[PDB]
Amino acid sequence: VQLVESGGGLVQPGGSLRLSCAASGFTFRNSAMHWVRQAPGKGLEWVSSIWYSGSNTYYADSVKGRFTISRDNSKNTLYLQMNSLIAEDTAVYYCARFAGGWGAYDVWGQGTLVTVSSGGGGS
């Protein structure tokens, strides 16, 4: 049982990234899948949720209209399409299997770092 994120990296404000989470060792289509992020030196913040297909989706207020979660069950893969990135989005992004009554966030990937930075100037 395992998740493996990928697709992170350094980008400048206004750019876009698409993260990937590759699931294995469980029946992917029967799990709700979430993204949870952690700004450097900060707490966990839930970002987004998708159900079995579902297609019902849920987003934190801070990423509404910029991020889009989706899944491809045939590929055992969860995705986060990150548009209009801003500095505040900087964080390790974790994908997690949400097991609800059967375990909350019982499975986490290793996380993928997204850094949004102009490099200090143009402030």
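So that there is no doubt, residue numbering starts at 1 and follows the sequence shown.
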Of 81-89 vs 50-58, the stretch with the larger average CA B-factor in the entry is 50-58
Scanning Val63, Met33, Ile69, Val36 for peak Cα temperature factor in the entry gives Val63
For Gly111, the third of its chain by CA B-factor is the middle
Chain-relative C-alpha B factor for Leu19 (record values, thirds): the lowest
By the entry's values, the third containing the CA B factor of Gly8 is the middle
